[PDB]
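A.B. asks: Quick one: structure below, then a few questions.
There are 2 protein chains.
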Amino acid sequence: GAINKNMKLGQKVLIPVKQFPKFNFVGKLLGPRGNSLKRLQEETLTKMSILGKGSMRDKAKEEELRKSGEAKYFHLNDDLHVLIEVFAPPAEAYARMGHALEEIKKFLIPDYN
Amino acid sequence: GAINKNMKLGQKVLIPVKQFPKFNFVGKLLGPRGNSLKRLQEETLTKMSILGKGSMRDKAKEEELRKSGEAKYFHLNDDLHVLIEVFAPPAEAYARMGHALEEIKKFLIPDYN
RNA sequence: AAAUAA
């Protein structure tokens, strides 16, 4: 499209549950009351959501919401992931995404305490 | 205080470490993902935290924090225990603490795994 | 069995 027309970007970032079994990443990404994710979107000027299987603190509600069929719950069949999104001019859109994907690496490795 | 004004209650509940040596009660109480403790508050309408010496899984981390001197770690000198807390009008609060105190006894017995 | 939930 047009180089100065604002654009919407989106990239699904897989959360490594197969490589780090049993570690609660969702708690780690959000931190206390979500201020580790609030702060991480503010830092990079993107918007981030944790979607997919297990993104919700229960198998059951997340299973029902999933069996409902509504498009808003399409993500709960996909693997657990963070969806980073940005709306800005193209040069800015890709640059912040690139920025955002560098600062998120640390939340996708365990704490070892 | 006043009969329908809300009050705070707290009651330490001791964990029998002398009686079942080396049994991990902390894991039993929190279960997976911390949700057997979390469900036990929802059922009883209380709030619960595990404090005292041995509440943390790293004995040297816990002794740093204990030395550190901050009031938030004062509990790491007391015996290992669950501190049940409630904020409600007196009638409800005492009824919930009691409910919680019967419903907590199951978790103060080891599993023989 | 280890408590962060936007």
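Chains as they are written, first to last, in the authors' numbering: chain C, 48 to 160; chain A, 48 to 160.
Ideal Cβ positions, reconstructed from N, Cα and C, are used throughout, including at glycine.
Do the CB positions of C/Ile151 and C/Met95 come within less than 9 Å of each other?
C.D. replies: Contact flag set, yes.
A.B. asks: So who's on the other strand from C/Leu98, going by DSSP bridges?
C.D. replies: Its beta-bridge partners are C/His128.
A.B. asks: Please say whether A/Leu76 and A/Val133 have beta carbons closer to each other than 9 Å?
C.D. replies: In this structure, A/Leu76 does not lie closer than 9 Å to A/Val133 by Cβ.
A.B. asks: Whole angstroms is fine: what's the gap from C/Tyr120's alpha carbon to C/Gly99's?
C.D. replies: Distance between the alpha carbons of C/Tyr120 and C/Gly99 is about 9 Å.
A.B. asks: Using a Cβ-Cβ distance cut-off of 9 Å, determine whether A/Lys114 contacts chain C.
C.D. replies: Chain C contact via Cβ: absent.
A.B. asks: Is A/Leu61 helix, strand or coil by DSSP?
C.D. replies: Strand.
A.B. asks: Let me check understanding here. Comparing Cα to Cα, which of A/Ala107, A/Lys106 and A/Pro79 lies closest to C/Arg104?
C.D. replies: The candidate whose alpha carbon is nearest that of C/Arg104 is A/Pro79.
A.B. asks: If you check the beta carbons only, do A/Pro137 and A/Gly48 fall under 9 Å apart?
C.D. replies: The answer is yes: Cβ separation under 9 Å.
A.B. asks: Compare the beta carbon distance of C/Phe72 and C/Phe154 with 9 Å and say whether it is the shorter of the two.
C.D. replies: Yes, the pair counts as a contact, with Cβ atoms nearer than the cut-off.
A.B. asks: What residues from chain C crowd round A/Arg86, counting only those whose CB sits closer than 7 Å?
C.D. replies: Near A/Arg86 there are no residues of chain C at all, since even the closest Cβ is about 10 Å away, more than 7 Å.
A.B. asks: Given a cut-off of 9 Å on the beta-carbon distance, is the pair A/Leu84 and A/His146 in contact?
C.D. replies: Taking 9 Å as the Cβ cut-off, A/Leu84 and A/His146 do not qualify as a contacting pair.
A.B. asks: What is the rounded straight-line gap between the Cα of A/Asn160 and the Cα of C/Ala135?
C.D. replies: Cα to Cα, A/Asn160 sits roughly 57 Å from C/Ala135.
A.B. asks: Could you pull the start and end residues of the alpha helix (DSSP H) that C/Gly74 belongs to?
C.D. replies: Where C/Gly74 is concerned, the enclosing alpha helix (DSSP H) stretches over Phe72 to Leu77.
A.B. asks: Residues of chain C with a CB under 8 Å from the CB of A/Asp105: which are they?
C.D. replies: In chain order: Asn160.
A.B. asks: Under 9 Å between beta-carbons, which chain C residues line up against A/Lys108? List them in chain order, please.
C.D. replies: Those within 9 Å of A/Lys108 in chain C are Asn160.
A.B. asks: A/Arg80 touches chain C at which residues, Cβ-Cβ below 8 Å?
C.D. replies: Result: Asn71 and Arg104.
A.B. asks: Where A/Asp126 and A/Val64 are concerned, what is the direct C-alpha to C-alpha distance, given to the nearest angstrom?
C.D. replies: Their Cα atoms are separated by approximately 9 Å.
A.B. asks: So, at 6 Å on beta carbons, what are the nonlocal neighbours of C/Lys55 in its own chain, with the 5 sequence-adjacent residues on each side left out?
C.D. replies: The residues are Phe134.
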